[PDB]
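A.B. asks: Experimental structure and sequence below, a few questions after.
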Amino acid sequence: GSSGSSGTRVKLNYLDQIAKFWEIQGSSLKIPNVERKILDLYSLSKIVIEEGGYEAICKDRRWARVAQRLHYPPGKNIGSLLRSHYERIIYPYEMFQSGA
């Protein structure tokens, strides 16, 4: 019949999800500014999960590729930044939203 195309549908679910969790704790959900541009915590997390989880990509120091995926500047200490922001904000959001 008819078809569509992926857009900013789910990309929002991530924000509403991580938010609904933070807004509750007390501290509003804030996004860090990397590369003179807003960070898409949605893409980073998404990719990882796909790659093969956090422990996997982490063990294979794939962080490098995970960063370049978002068209990041190859040369700057980004890998570290990402891994951090994740375990910094995406740490509780995940561990909490893990296991139904």
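C.D. replies: Looks like it arrived, so ask away. Numbering: from 1, shown residues only.
A.B. asks: ok, and what's touching the longest helix along the chain?
C.D. replies: Counting residues, the longest helix found in the chain (DSSP state H) is helix 10-25. Under the criterion Cβ atoms under 8 Å, 6 or more residues apart in numbering, residues 28-29, 40-42, 45-46, 89-90, 92-93, 96-97 lie in contact with helix 10-25. The C-beta positions use only the backbone N, C-alpha and C, and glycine is treated the same way.
A.B. asks: again with stretch 71-89
C.D. replies: Counting by Cβ under 8 Å, 6+ apart, residues outside stretch 71-89 touching it are 18, 29, 32, 34-35, 39, 41, 44-45, 48, 54, 58, 61, 63-64, 66-68.
A.B. asks: just to revisit the earlier point, give me the buried subset of the contacts of helix 10-25.
C.D. replies: With burial judged by 16 or more other Cβ atoms under 10 Å, the buried subset of the contacts of helix 10-25 is 29, 41-42, 45, 89-90, 93.
A.B. asks: Can you say which two of those are spatially most distant?
C.D. replies: Across the buried ones among the contacts of helix 10-25, the longest distance by Cβ to Cβ is 13.5 Å; it joins 29 and 45.
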